[PDB]
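S.K.: Next comes the structure file input_15.cif, holding mmCIF, C-alpha atoms.
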data_work
#
loop_
_atom_site.label_atom_id
_atom_site.label_comp_id
_atom_site.auth_asym_id
_atom_site.auth_seq_id
_atom_site.Cartn_x
_atom_site.Cartn_y
_atom_site.Cartn_z
CA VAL A 156 26.66 167.42 106.89
CA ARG A 157 27.82 167.15 103.29
CA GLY A 158 29.18 163.61 103.14
CA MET A 159 26.45 161.51 104.79
CA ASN A 160 23.01 160.57 103.52
CA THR A 161 20.96 159.84 106.63
CA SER A 162 18.37 162.52 105.78
CA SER A 163 16.36 162.46 102.56
CA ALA A 164 16.10 166.25 102.45
CA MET A 165 19.87 166.63 102.42
CA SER A 166 20.11 163.83 99.89
CA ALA A 167 17.92 165.77 97.47
CA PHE A 168 19.56 169.11 98.24
CA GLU A 169 23.08 167.82 97.62
CA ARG A 170 22.00 165.97 94.50
CA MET A 171 20.61 169.16 92.96
CA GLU A 172 23.69 171.09 94.07
CA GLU A 173 25.97 168.65 92.26
CA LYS A 174 23.75 168.68 89.18
CA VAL A 175 23.98 172.47 88.96
CA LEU A 176 27.73 172.53 89.55
CA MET A 177 28.12 170.01 86.74
CA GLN A 178 25.99 172.17 84.45
CA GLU A 179 28.16 175.22 85.15
CA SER A 180 31.29 173.16 84.57
CA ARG A 181 29.87 172.06 81.22
CA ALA A 182 29.35 175.69 80.27
CA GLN A 183 32.90 176.61 81.27
CA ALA A 184 34.42 173.70 79.35
CA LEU A 185 32.41 174.64 76.28
CA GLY A 186 33.80 178.14 76.69
CA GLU A 187 37.37 176.88 76.71
CA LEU A 188 36.90 174.40 73.87
CA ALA A 189 35.68 176.70 71.10
CA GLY A 190 37.71 179.70 72.29
CA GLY A 203 48.35 191.90 84.72
CA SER A 204 51.91 193.13 84.22
CA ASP A 205 50.90 195.77 81.66
CA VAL A 206 48.38 197.50 83.96
CA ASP A 207 50.55 196.72 87.04
CA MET B 1 25.96 136.10 91.04
CA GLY B 2 22.25 135.28 91.30
CA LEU B 3 19.79 135.82 88.46
CA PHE B 4 16.78 137.42 90.13
CA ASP B 5 19.17 139.82 91.84
CA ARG B 6 20.53 140.80 88.44
CA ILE B 7 17.09 141.29 86.87
CA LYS B 8 15.94 143.47 89.73
CA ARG B 9 19.16 145.48 89.59
CA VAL B 10 18.48 146.20 85.92
CA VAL B 11 14.86 147.20 86.55
CA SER B 12 15.90 149.43 89.44
CA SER B 13 18.70 151.03 87.44
CA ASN B 14 16.15 151.89 84.80
CA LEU B 15 13.48 153.33 87.10
CA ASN B 16 16.00 155.41 89.04
CA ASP B 17 17.38 157.00 85.90
CA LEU B 18 13.82 157.63 84.79
CA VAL B 19 13.12 159.55 88.01
CA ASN B 20 16.41 161.44 88.16
CA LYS B 21 15.54 163.04 84.83
CA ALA B 22 12.30 164.53 86.20
CA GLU B 23 13.99 166.26 89.14
CA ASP B 24 14.46 169.99 88.45
CA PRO B 25 16.97 171.92 90.60
CA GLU B 26 15.05 175.16 91.06
CA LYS B 27 12.05 173.37 92.58
CA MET B 28 13.68 170.53 94.49
CA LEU B 29 15.94 172.98 96.30
CA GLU B 30 12.84 174.72 97.63
CA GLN B 31 11.17 171.42 98.50
CA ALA B 32 14.22 170.31 100.45
CA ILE B 33 14.24 173.60 102.36
CA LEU B 34 10.54 173.29 103.14
CA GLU B 35 10.93 169.82 104.63
CA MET B 36 14.04 170.97 106.51
CA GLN B 37 11.96 173.64 108.24
CA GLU B 38 9.10 171.25 108.94
CA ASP B 39 11.48 168.95 110.80
CA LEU B 40 12.90 171.84 112.80
CA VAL B 41 9.39 172.81 113.87
CA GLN B 42 8.66 169.29 115.04
CA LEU B 43 11.85 169.32 117.14
CA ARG B 44 10.91 172.56 118.89
CA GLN B 45 8.02 170.78 120.57
CA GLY B 46 10.27 168.16 122.12
CA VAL B 47 12.50 170.85 123.53
CA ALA B 48 9.43 172.56 124.97
CA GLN B 49 8.36 169.43 126.83
CA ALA B 50 11.85 169.09 128.27
CA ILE B 51 11.64 172.63 129.60
CA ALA B 52 8.18 172.09 131.10
CA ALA B 53 9.35 168.99 132.94
CA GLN B 54 12.24 171.00 134.35
CA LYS B 55 9.82 173.63 135.64
CA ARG B 56 7.79 170.92 137.35
CA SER B 57 10.85 169.41 139.01
CA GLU B 58 12.04 172.76 140.35
CA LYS B 59 8.57 173.51 141.70
CA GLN B 60 8.54 170.21 143.59
CA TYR B 61 11.97 171.02 145.00
CA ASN B 62 10.73 174.42 146.16
CA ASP B 63 7.65 172.93 147.82
CA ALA B 64 9.69 170.36 149.73
CA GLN B 65 12.07 173.11 150.82
CA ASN B 66 9.12 175.20 152.04
CA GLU B 67 7.68 172.27 154.00
CA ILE B 68 11.04 171.80 155.74
CA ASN B 69 10.76 175.31 157.18
CA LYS B 70 7.05 174.76 157.84
CA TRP B 71 7.79 171.80 160.10
CA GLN B 72 10.63 173.70 161.75
CA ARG B 73 8.06 176.41 162.55
CA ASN B 74 5.71 173.72 163.86
CA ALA B 75 8.50 172.53 166.16
CA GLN B 76 8.96 176.11 167.38
CA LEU B 77 5.20 176.39 167.96
CA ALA B 78 5.42 173.20 170.01
CA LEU B 79 8.25 174.82 172.02
CA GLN B 80 6.02 177.91 172.57
CA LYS B 81 2.78 176.06 173.42
CA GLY B 82 3.36 172.30 173.60
CA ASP B 83 6.31 170.39 175.04
CA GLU B 84 9.38 168.41 173.96
CA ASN B 85 7.10 165.70 172.56
CA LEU B 86 5.66 167.68 169.64
CA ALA B 87 8.82 169.78 169.32
CA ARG B 88 10.90 166.66 168.71
CA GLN B 89 8.24 164.94 166.59
CA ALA B 90 8.18 167.87 164.16
CA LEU B 91 11.88 167.40 163.40
CA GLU B 92 11.47 163.61 163.43
CA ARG B 93 9.17 164.02 160.44
CA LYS B 94 11.30 166.84 158.98
CA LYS B 95 14.03 164.23 158.53
CA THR B 96 12.19 162.83 155.51
CA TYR B 97 11.75 166.21 153.85
CA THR B 98 15.42 167.04 154.33
CA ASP B 99 16.24 163.72 152.65
CA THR B 100 13.88 164.23 149.72
CA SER B 101 15.10 167.77 149.05
CA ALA B 102 18.62 166.58 148.21
CA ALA B 103 17.39 163.39 146.55
CA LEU B 104 15.39 165.59 144.17
CA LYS B 105 17.91 168.37 143.61
CA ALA B 106 20.48 165.82 142.47
CA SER B 107 18.27 164.94 139.49
CA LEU B 108 17.10 168.52 138.96
CA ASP B 109 20.70 169.44 138.16
CA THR B 110 21.03 166.84 135.40
CA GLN B 111 17.66 167.86 134.01
CA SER B 112 18.91 171.44 133.77
CA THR B 113 22.03 170.32 131.92
CA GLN B 114 19.93 168.36 129.43
CA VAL B 115 17.68 171.34 128.76
CA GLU B 116 20.72 173.54 128.15
CA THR B 117 22.17 171.09 125.64
CA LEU B 118 18.83 170.86 123.85
CA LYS B 119 18.57 174.65 123.57
CA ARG B 120 22.08 174.79 122.14
CA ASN B 121 21.25 172.11 119.57
CA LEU B 122 18.12 173.94 118.48
CA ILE B 123 20.07 177.14 117.89
CA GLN B 124 22.68 175.23 115.89
CA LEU B 125 20.01 173.69 113.67
CA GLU B 126 18.47 177.08 113.02
CA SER B 127 21.84 178.46 111.96
CA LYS B 128 22.53 175.57 109.59
CA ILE B 129 19.12 175.86 107.94
CA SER B 130 19.80 179.55 107.37
CA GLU B 131 23.12 178.64 105.76
CA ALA B 132 21.34 176.25 103.42
CA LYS B 133 18.82 178.95 102.57
CA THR B 134 21.70 181.16 101.45
CA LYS B 135 23.33 178.35 99.48
CA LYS B 136 20.12 178.04 97.50
CA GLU B 137 20.47 181.58 96.18
CA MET B 138 24.14 181.02 95.45
CA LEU B 139 23.16 177.98 93.37
CA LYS B 140 20.63 180.03 91.43
CA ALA B 141 23.42 182.50 90.68
CA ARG B 142 25.49 179.59 89.37
CA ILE B 143 22.62 178.51 87.11
CA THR B 144 22.49 181.99 85.62
CA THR B 145 26.27 182.01 85.12
CA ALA B 146 26.04 178.73 83.24
CA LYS B 147 23.28 179.96 80.94
CA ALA B 148 25.05 183.26 80.26
CA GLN B 149 28.27 181.52 79.32
CA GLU B 150 26.37 179.11 77.07
CA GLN B 151 24.81 182.15 75.43
CA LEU B 152 28.26 183.61 74.78
CA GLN B 153 29.63 180.48 73.12
CA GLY B 154 26.64 180.28 70.79
CA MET B 155 27.87 183.58 69.34
CA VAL B 156 31.04 182.12 67.80
CA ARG B 157 31.19 181.52 64.05
CA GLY B 158 31.80 177.78 63.86
CA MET B 159 29.24 176.31 66.27
CA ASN B 160 25.48 176.02 65.94
CA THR B 161 24.19 175.79 69.50
CA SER B 162 21.99 178.90 69.09
CA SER B 163 19.26 179.14 66.47
CA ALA B 164 19.67 182.90 66.13
CA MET B 165 23.32 182.53 65.17
CA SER B 166 22.41 179.67 62.88
CA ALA B 167 20.06 181.93 60.92
CA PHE B 168 22.43 184.90 61.01
CA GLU B 169 25.39 182.94 59.66
CA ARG B 170 23.23 181.24 57.04
CA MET B 171 22.10 184.59 55.65
CA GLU B 172 25.66 185.91 55.82
CA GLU B 173 26.94 183.02 53.71
CA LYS B 174 24.05 183.40 51.27
CA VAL B 175 24.91 187.06 50.71
CA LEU B 176 28.63 186.41 50.37
CA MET B 177 27.84 183.78 47.75
CA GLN B 178 25.63 186.25 45.88
CA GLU B 179 28.42 188.83 45.80
CA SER B 180 30.88 186.18 44.64
CA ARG B 181 28.48 185.29 41.83
CA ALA B 182 28.41 188.92 40.76
CA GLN B 183 32.21 189.15 40.80
CA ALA B 184 32.64 185.95 38.80
CA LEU B 185 30.12 187.17 36.24
CA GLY B 186 32.19 190.34 36.03
CA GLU B 187 35.36 188.42 35.29
CA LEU B 188 33.75 186.00 32.85
CA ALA B 189 32.31 188.41 30.28
CA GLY B 190 35.08 190.99 30.71
CA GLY B 203 50.54 201.24 39.23
CA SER B 204 54.02 201.74 37.81
CA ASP B 205 52.89 204.44 35.36
CA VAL B 206 51.39 206.70 38.07
CA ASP B 207 54.09 205.61 40.58
CA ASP B 208 56.37 207.82 38.43
CA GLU B 209 54.98 210.99 40.04
CA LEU B 210 56.34 209.65 43.33
CA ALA B 211 59.76 210.27 41.80
CA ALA B 212 58.79 213.85 40.92
CA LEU B 213 58.45 214.79 44.60
CA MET C 1 16.87 156.32 99.68
CA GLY C 2 13.47 154.79 98.92
CA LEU C 3 11.74 155.08 95.56
CA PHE C 4 8.15 155.95 96.43
CA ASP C 5 9.49 158.60 98.77
CA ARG C 6 11.43 160.10 95.87
CA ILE C 7 8.48 160.06 93.48
CA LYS C 8 6.22 161.74 96.00
CA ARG C 9 8.89 164.33 96.76
CA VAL C 10 9.02 165.20 93.07
CA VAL C 11 5.24 165.44 92.76
CA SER C 12 5.04 167.59 95.89
CA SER C 13 7.86 169.85 94.74
CA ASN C 14 5.94 170.42 91.54
CA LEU C 15 2.54 171.13 93.11
CA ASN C 16 4.01 173.49 95.70
CA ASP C 17 5.79 175.56 93.08
CA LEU C 18 2.56 175.60 91.10
CA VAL C 19 0.70 177.08 94.07
CA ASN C 20 3.39 179.54 95.14
CA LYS C 21 3.08 181.21 91.75
CA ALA C 22 -0.63 181.94 92.27
CA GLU C 23 -0.12 183.72 95.59
CA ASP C 24 -0.27 187.51 95.16
CA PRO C 25 1.17 189.70 97.95
CA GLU C 26 -1.42 192.47 97.98
CA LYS C 27 -4.28 190.03 98.61
CA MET C 28 -2.63 187.40 100.79
CA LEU C 29 -1.45 190.08 103.20
CA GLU C 30 -5.08 191.08 103.73
CA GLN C 31 -6.20 187.47 104.02
CA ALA C 32 -3.58 186.80 106.68
CA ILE C 33 -4.72 189.86 108.62
CA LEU C 34 -8.35 188.80 108.39
CA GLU C 35 -7.64 185.36 109.83
CA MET C 36 -5.41 186.92 112.49
CA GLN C 37 -8.35 189.00 113.70
CA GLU C 38 -10.75 186.06 113.54
CA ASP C 39 -8.50 184.10 115.90
CA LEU C 40 -8.25 187.04 118.29
CA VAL C 41 -12.04 187.24 118.42
CA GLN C 42 -12.30 183.56 119.25
CA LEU C 43 -9.82 184.02 122.12
CA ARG C 44 -11.81 186.87 123.66
CA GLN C 45 -14.60 184.44 124.47
CA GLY C 46 -12.32 182.18 126.47
CA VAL C 47 -11.13 185.12 128.50
CA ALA C 48 -14.74 186.10 129.13
CA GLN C 49 -15.58 182.67 130.56
CA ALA C 50 -12.57 182.88 132.85
CA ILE C 51 -13.83 186.20 134.18
CA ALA C 52 -17.36 184.89 134.70
CA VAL D 156 7.20 185.79 116.06
CA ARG D 157 9.26 186.05 112.88
CA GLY D 158 11.30 182.85 112.99
CA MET D 159 8.73 180.15 113.80
CA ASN D 160 5.99 178.68 111.64
CA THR D 161 3.42 177.32 114.09
CA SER D 162 0.64 179.52 112.66
CA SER D 163 -0.44 179.35 109.03
CA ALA D 164 -1.44 183.02 108.96
CA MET D 165 2.06 184.10 109.94
CA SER D 166 3.50 181.62 107.48
CA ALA D 167 1.63 183.30 104.63
CA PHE D 168 2.32 186.81 105.90
CA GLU D 169 6.07 186.27 106.19
CA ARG D 170 6.20 184.51 102.84
CA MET D 171 4.62 187.49 101.09
CA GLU D 172 6.87 189.87 103.02
CA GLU D 173 9.98 188.06 101.80
CA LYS D 174 8.64 187.93 98.25
CA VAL D 175 8.15 191.69 98.21
CA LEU D 176 11.53 192.42 99.77
CA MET D 177 13.12 190.26 97.08
CA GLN D 178 11.24 192.16 94.38
CA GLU D 179 12.50 195.49 95.72
CA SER D 180 16.03 194.11 95.92
CA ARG D 181 15.74 193.04 92.28
CA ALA D 182 14.75 196.57 91.34
CA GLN D 183 17.68 198.06 93.26
CA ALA D 184 20.19 195.66 91.72
CA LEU D 185 18.86 196.45 88.26
CA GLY D 186 19.37 200.11 89.13
CA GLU D 187 23.00 199.55 90.05
CA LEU D 188 23.77 197.27 87.11
CA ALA D 189 22.84 199.51 84.19
CA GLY D 190 23.85 202.74 85.95
CA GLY D 203 28.31 215.67 101.10
CA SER D 204 31.54 217.59 101.60
CA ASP D 205 30.70 220.18 98.93
CA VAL D 206 27.38 221.22 100.55
CA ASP D 207 28.82 220.61 104.06
#
Go ahead and render the structure in this file as structure tokens.
M.R.:
Amino acid sequence: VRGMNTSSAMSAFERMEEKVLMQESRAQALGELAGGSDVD
Amino acid sequence: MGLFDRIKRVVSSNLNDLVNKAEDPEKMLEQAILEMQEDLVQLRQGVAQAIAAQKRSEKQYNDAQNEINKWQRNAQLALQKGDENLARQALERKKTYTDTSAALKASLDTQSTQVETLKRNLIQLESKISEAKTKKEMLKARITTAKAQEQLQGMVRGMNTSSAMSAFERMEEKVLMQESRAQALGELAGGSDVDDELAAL
Amino acid sequence: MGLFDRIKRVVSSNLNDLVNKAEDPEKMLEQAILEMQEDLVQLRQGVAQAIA
Amino acid sequence: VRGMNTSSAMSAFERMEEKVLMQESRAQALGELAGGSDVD
């Protein structure tokens, strides 16, 4: 399960998952920072 | 609080951050999956032993049941050949087998329930590992999305995250400066009249 | 969790990905088949003893 | 059997099988990405 750390394998898996999500969030924020009615 | 506790907390907080920098997502995801599967394999064998023990218990139950009828047949053979002595003695002994049959079936039932629960758990674990194996590919897709978006931002004029854009903009500015030099040199050393025709037509 | 466990997990995750890059399908398929057949041969002999 | 890894030979065989299927899927996706009533 996501929220418990009894197993080392899940610990590592979730840690890498969070690292990658953070990296993508960094990319998105950098996108924002530097910068359908009509077709409806 | 203490002092040795504090020193060891500092040393640990340094070593852990040293390690967490070496971890690389693309490889540790696979390593986690590999160990996941190893553990599942080692659980299969426990389930197998449970099943084998159930087979043994049912076989014992069947054999006791068969001996019950065997001794009933022995009683009938006594009735055919012998007398009431052997005929009654056969059932006298058959008492024990009738007892043991139920005494064993009671536990055989619980054993069966346990084996069923174990099989269910094994299937659940297989499903969850498959889900994780899909999540790994989804995470790789996210990595690619991140790198693509970072590529796009490097294309904007005012930021220097990408070396290619750095060089491109540098040459652009150099050339604009050269043209400005030419224009200034032009100035340094050195439409009302034709708008009248617009009145003609 | 532990620390030595974590270090060894990192080292293992590196060596395994190093090896999995060397594997080439066209050859490892044949190698797997070859060992498959070897095992079958070694089982024939057990069956033969049973028959004898 | 496909889903269990008790034998090393099968482990390797299935691993190569999945690698090749993934390679073919890559080719097909690359085909899509870059781009019978009438004869009935």
S.K.: Set the distance at 12 Å and use all atoms listed in the file: which residues neighbour region 180-205 of chain A once local chain neighbours fewer than 6 positions away are removed? I'd like the list as a VMD selection string.
M.R.: (chain A and resid 173 to 174) or (chain B and resid 142 to 161)
S.K.: Can you check which residues of chain D have any atom within 10 Å of chain B? Use only C-alpha atoms and format it as a VMD selection string.
M.R.: chain D and resid 158 to 161
S.K.: Convert the current residue selection to file output with C-alpha atoms, as a short mmCIF file (atom, residue, chain, number, x, y, z; two decimals), in the frame of the given file.
M.R.:
data_model
loop_
_atom_site.label_atom_id
_atom_site.label_comp_id
_atom_site.auth_asym_id
_atom_site.auth_seq_id
_atom_site.Cartn_x
_atom_site.Cartn_y
_atom_site.Cartn_z
CA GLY D 158 11.30 182.85 112.99
CA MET D 159 8.73 180.15 113.80
CA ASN D 160 5.99 178.68 111.64
CA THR D 161 3.42 177.32 114.09
#
S.K.: Given all atoms listed in the file as the basis, pick out the residue of D:156, D:166, D:178, D:171 nearest to chain C.
M.R.: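 When distances to chain C are compared using all atoms listed in the file, the smallest one comes from D:171.
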S.K.: Do a neighbour search on region 15-20 of chain C at 9 Å with only C-alpha atoms, toss out local chain neighbours closer than 5 positions, and write the hits as a ChimeraX atom specification.
M.R.: /B:27,30-31 /C:10
S.K.: Output the contact residues of chain C with respect to chain B at a cut-off of 9 Å, based on only C-alpha atoms, as number ranges by chain.
M.R.: C: 3, 6-7, 9-10, 12-14, 16-17
S.K.: Care to translate the PyMOL selection byres ((chain C) within 6 of (chain D)) into actual residues of this file, as a list in words?
M.R.: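 Evaluating the PyMOL selection byres ((chain C) within 6 of (chain D)) on these coordinates yields residues 25, 29 and 32 of chain C.
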S.K.: With the file shown as input, list the residues that the PyMOL selection byres ((chain B and resi 99-115) around 12) selects, as a ChimeraX atom specification.
M.R.: /B:46-69,92-98,116-122
S.K.: Would you save the residues from that selection as a PDB file, in the coordinates of the input, using C-alpha atoms?
M.R.:
ATOM      1  CA  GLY B  46      10.270 168.160 122.120  1.00  0.00           C
ATOM      2  CA  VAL B  47      12.500 170.850 123.530  1.00  0.00           C
ATOM      3  CA  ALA B  48       9.430 172.560 124.970  1.00  0.00           C
ATOM      4  CA  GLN B  49       8.360 169.430 126.830  1.00  0.00           C
ATOM      5  CA  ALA B  50      11.850 169.090 128.270  1.00  0.00           C
ATOM      6  CA  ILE B  51      11.640 172.630 129.600  1.00  0.00           C
ATOM      7  CA  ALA B  52       8.180 172.090 131.100  1.00  0.00           C
ATOM      8  CA  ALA B  53       9.350 168.990 132.940  1.00  0.00           C
ATOM      9  CA  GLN B  54      12.240 171.000 134.350  1.00  0.00           C
ATOM     10  CA  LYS B  55       9.820 173.630 135.640  1.00  0.00           C
ATOM     11  CA  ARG B  56       7.790 170.920 137.350  1.00  0.00           C
ATOM     12  CA  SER B  57      10.850 169.410 139.010  1.00  0.00           C
ATOM     13  CA  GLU B  58      12.040 172.760 140.350  1.00  0.00           C
ATOM     14  CA  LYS B  59       8.570 173.510 141.700  1.00  0.00           C
ATOM     15  CA  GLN B  60       8.540 170.210 143.590  1.00  0.00           C
ATOM     16  CA  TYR B  61      11.970 171.020 145.000  1.00  0.00           C
ATOM     17  CA  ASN B  62      10.730 174.420 146.160  1.00  0.00           C
ATOM     18  CA  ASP B  63       7.650 172.930 147.820  1.00  0.00           C
ATOM     19  CA  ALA B  64       9.690 170.360 149.730  1.00  0.00           C
ATOM     20  CA  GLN B  65      12.070 173.110 150.820  1.00  0.00           C
ATOM     21  CA  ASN B  66       9.120 175.200 152.040  1.00  0.00           C
ATOM     22  CA  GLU B  67       7.680 172.270 154.000  1.00  0.00           C
ATOM     23  CA  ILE B  68      11.040 171.800 155.740  1.00  0.00           C
ATOM     24  CA  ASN B  69      10.760 175.310 157.180  1.00  0.00           C
ATOM     25  CA  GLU B  92      11.470 163.610 163.430  1.00  0.00           C
ATOM     26  CA  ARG B  93       9.170 164.020 160.440  1.00  0.00           C
ATOM     27  CA  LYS B  94      11.300 166.840 158.980  1.00  0.00           C
ATOM     28  CA  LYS B  95      14.030 164.230 158.530  1.00  0.00           C
ATOM     29  CA  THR B  96      12.190 162.830 155.510  1.00  0.00           C
ATOM     30  CA  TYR B  97      11.750 166.210 153.850  1.00  0.00           C
ATOM     31  CA  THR B  98      15.420 167.040 154.330  1.00  0.00           C
ATOM     32  CA  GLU B 116      20.720 173.540 128.150  1.00  0.00           C
ATOM     33  CA  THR B 117      22.170 171.090 125.640  1.00  0.00           C
ATOM     34  CA  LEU B 118      18.830 170.860 123.850  1.00  0.00           C
ATOM     35  CA  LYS B 119      18.570 174.650 123.570  1.00  0.00           C
ATOM     36  CA  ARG B 120      22.080 174.790 122.140  1.00  0.00           C
ATOM     37  CA  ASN B 121      21.250 172.110 119.570  1.00  0.00           C
ATOM     38  CA  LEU B 122      18.120 173.940 118.480  1.00  0.00           C
TER      39      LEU B 122
END
S.K.: With 8 Å added on each side, what axis-aligned box encloses every listed atom of region 163-180 of chain A? Give the centre and edge lengths in Å to one decimal, as AutoDock Vina command-line options.
M.R.:
--center_x 23.7 --center_y 168.8 --center_z 93.5 --size_x 31.2 --size_y 28.8 --size_z 34.1
S.K.: Where does chain D end up after superposition onto chain A over all in-order Cα pairs? Give it as a PDB file with C-alpha atoms, in the coordinates of the input.
M.R.:
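The result, written out as result-v4.pdb:
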ATOM      1  CA  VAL D 156      26.658 167.414 106.894  1.00  0.00           C
ATOM      2  CA  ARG D 157      27.821 167.154 103.288  1.00  0.00           C
ATOM      3  CA  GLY D 158      29.175 163.609 103.143  1.00  0.00           C
ATOM      4  CA  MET D 159      26.445 161.516 104.791  1.00  0.00           C
ATOM      5  CA  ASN D 160      23.007 160.572 103.517  1.00  0.00           C
ATOM      6  CA  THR D 161      20.962 159.838 106.637  1.00  0.00           C
ATOM      7  CA  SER D 162      18.372 162.515 105.777  1.00  0.00           C
ATOM      8  CA  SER D 163      16.364 162.461 102.562  1.00  0.00           C
ATOM      9  CA  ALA D 164      16.094 166.254 102.446  1.00  0.00           C
ATOM     10  CA  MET D 165      19.867 166.626 102.422  1.00  0.00           C
ATOM     11  CA  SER D 166      20.114 163.833  99.891  1.00  0.00           C
ATOM     12  CA  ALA D 167      17.914 165.773  97.475  1.00  0.00           C
ATOM     13  CA  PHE D 168      19.565 169.105  98.239  1.00  0.00           C
ATOM     14  CA  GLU D 169      23.087 167.820  97.620  1.00  0.00           C
ATOM     15  CA  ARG D 170      21.997 165.972  94.500  1.00  0.00           C
ATOM     16  CA  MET D 171      20.606 169.158  92.966  1.00  0.00           C
ATOM     17  CA  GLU D 172      23.692 171.085  94.067  1.00  0.00           C
ATOM     18  CA  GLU D 173      25.972 168.644  92.257  1.00  0.00           C
ATOM     19  CA  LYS D 174      23.746 168.684  89.181  1.00  0.00           C
ATOM     20  CA  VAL D 175      23.984 172.462  88.958  1.00  0.00           C
ATOM     21  CA  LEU D 176      27.730 172.533  89.553  1.00  0.00           C
ATOM     22  CA  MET D 177      28.119 170.015  86.735  1.00  0.00           C
ATOM     23  CA  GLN D 178      25.990 172.178  84.449  1.00  0.00           C
ATOM     24  CA  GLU D 179      28.164 175.219  85.152  1.00  0.00           C
ATOM     25  CA  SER D 180      31.296 173.155  84.570  1.00  0.00           C
ATOM     26  CA  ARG D 181      29.862 172.058  81.220  1.00  0.00           C
ATOM     27  CA  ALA D 182      29.347 175.686  80.274  1.00  0.00           C
ATOM     28  CA  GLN D 183      32.905 176.604  81.267  1.00  0.00           C
ATOM     29  CA  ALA D 184      34.421 173.698  79.347  1.00  0.00           C
ATOM     30  CA  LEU D 185      32.403 174.639  76.280  1.00  0.00           C
ATOM     31  CA  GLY D 186      33.807 178.142  76.691  1.00  0.00           C
ATOM     32  CA  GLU D 187      37.377 176.881  76.711  1.00  0.00           C
ATOM     33  CA  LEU D 188      36.902 174.406  73.869  1.00  0.00           C
ATOM     34  CA  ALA D 189      35.679 176.700  71.104  1.00  0.00           C
ATOM     35  CA  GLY D 190      37.708 179.707  72.283  1.00  0.00           C
ATOM     36  CA  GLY D 203      48.355 191.901  84.715  1.00  0.00           C
ATOM     37  CA  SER D 204      51.905 193.136  84.228  1.00  0.00           C
ATOM     38  CA  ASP D 205      50.899 195.762  81.652  1.00  0.00           C
ATOM     39  CA  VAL D 206      48.380 197.505  83.965  1.00  0.00           C
ATOM     40  CA  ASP D 207      50.550 196.719  87.037  1.00  0.00           C
TER      41      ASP D 207
END
S.K.: Any chance you could model N, CA and C atoms for region 167-181 of chain A and send them as a PDB file, in the frame of the given file?
M.R.:
ATOM      1  N   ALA A 167      18.417 165.051  98.635  1.00  0.00           N
ATOM      2  CA  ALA A 167      17.920 165.770  97.470  1.00  0.00           C
ATOM      3  C   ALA A 167      18.654 167.088  97.276  1.00  0.00           C
ATOM      4  N   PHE A 168      18.901 167.814  98.362  1.00  0.00           N
ATOM      5  CA  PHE A 168      19.560 169.110  98.240  1.00  0.00           C
ATOM      6  C   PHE A 168      20.944 168.952  97.623  1.00  0.00           C
ATOM      7  N   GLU A 169      21.744 168.026  98.148  1.00  0.00           N
ATOM      8  CA  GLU A 169      23.080 167.820  97.620  1.00  0.00           C
ATOM      9  C   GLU A 169      23.038 167.328  96.186  1.00  0.00           C
ATOM     10  N   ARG A 170      22.081 166.462  95.862  1.00  0.00           N
ATOM     11  CA  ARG A 170      22.000 165.970  94.500  1.00  0.00           C
ATOM     12  C   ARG A 170      21.769 167.114  93.521  1.00  0.00           C
ATOM     13  N   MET A 171      20.836 168.013  93.844  1.00  0.00           N
ATOM     14  CA  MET A 171      20.610 169.160  92.960  1.00  0.00           C
ATOM     15  C   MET A 171      21.822 170.074  92.924  1.00  0.00           C
ATOM     16  N   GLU A 172      22.493 170.254  94.058  1.00  0.00           N
ATOM     17  CA  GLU A 172      23.690 171.090  94.070  1.00  0.00           C
ATOM     18  C   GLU A 172      24.728 170.547  93.093  1.00  0.00           C
ATOM     19  N   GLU A 173      24.986 169.242  93.152  1.00  0.00           N
ATOM     20  CA  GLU A 173      25.970 168.650  92.260  1.00  0.00           C
ATOM     21  C   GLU A 173      25.526 168.744  90.809  1.00  0.00           C
ATOM     22  N   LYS A 174      24.234 168.550  90.552  1.00  0.00           N
ATOM     23  CA  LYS A 174      23.750 168.680  89.180  1.00  0.00           C
ATOM     24  C   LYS A 174      24.033 170.071  88.636  1.00  0.00           C
ATOM     25  N   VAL A 175      23.783 171.103  89.441  1.00  0.00           N
ATOM     26  CA  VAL A 175      23.980 172.470  88.960  1.00  0.00           C
ATOM     27  C   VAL A 175      25.463 172.778  88.796  1.00  0.00           C
ATOM     28  N   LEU A 176      26.298 172.314  89.722  1.00  0.00           N
ATOM     29  CA  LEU A 176      27.730 172.530  89.550  1.00  0.00           C
ATOM     30  C   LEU A 176      28.222 171.877  88.275  1.00  0.00           C
ATOM     31  N   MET A 177      27.737 170.671  87.981  1.00  0.00           N
ATOM     32  CA  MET A 177      28.120 170.010  86.740  1.00  0.00           C
ATOM     33  C   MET A 177      27.667 170.811  85.530  1.00  0.00           C
ATOM     34  N   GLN A 178      26.462 171.371  85.576  1.00  0.00           N
ATOM     35  CA  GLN A 178      25.990 172.170  84.450  1.00  0.00           C
ATOM     36  C   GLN A 178      26.895 173.383  84.224  1.00  0.00           C
ATOM     37  N   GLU A 179      27.261 174.078  85.300  1.00  0.00           N
ATOM     38  CA  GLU A 179      28.160 175.220  85.150  1.00  0.00           C
ATOM     39  C   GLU A 179      29.516 174.782  84.609  1.00  0.00           C
ATOM     40  N   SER A 180      30.024 173.645  85.081  1.00  0.00           N
ATOM     41  CA  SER A 180      31.290 173.160  84.570  1.00  0.00           C
ATOM     42  C   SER A 180      31.197 172.843  83.084  1.00  0.00           C
ATOM     43  N   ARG A 181      30.072 172.281  82.646  1.00  0.00           N
ATOM     44  CA  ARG A 181      29.870 172.060  81.220  1.00  0.00           C
ATOM     45  C   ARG A 181      29.963 173.369  80.463  1.00  0.00           C
TER      46      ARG A 181
END
